[PDB]
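Peer 1: Once you've had a glance at the structure underneath, I'll fire off some questions.
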Amino acid sequence: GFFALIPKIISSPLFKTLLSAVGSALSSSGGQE
Numbered sequence: 001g002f003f004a005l006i007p008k009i010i011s012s013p014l015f016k017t018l019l020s021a022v023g024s025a026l027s028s029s030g031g032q033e
């Protein structure tokens, strides 16, 4: 689930706090996708 791994990424761990930080930088380059 490369498209649904986002919600599962935090499902296990508890880094959701930084998720909003890493998720914005990892998705800030969608133009190259």
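Letter 10 of the sequence shown, counting from 1, is numbered 10 in PDB author numbering, and no numbers are missing.
Note that beta-carbon positions come from the ideal geometry of N, C-alpha and C, so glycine has one too.
1. Less than 9 Å between the beta carbons of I9 and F15, yes or no?
2. Rounded to whole angstroms, what's the CA-CA distance from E33 to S27? Just pull it up for me.
3. With H, G and I counted as helix, E and B as strand and the rest as coil, what does DSSP make of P7?
4. Compute the Euclidean distance between the alpha carbons of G31 and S11, then round it to the nearest angstrom.
Peer 2: Once the coordinates are examined:
1. yes
2. 10 Å
3. helix
4. 27 Å
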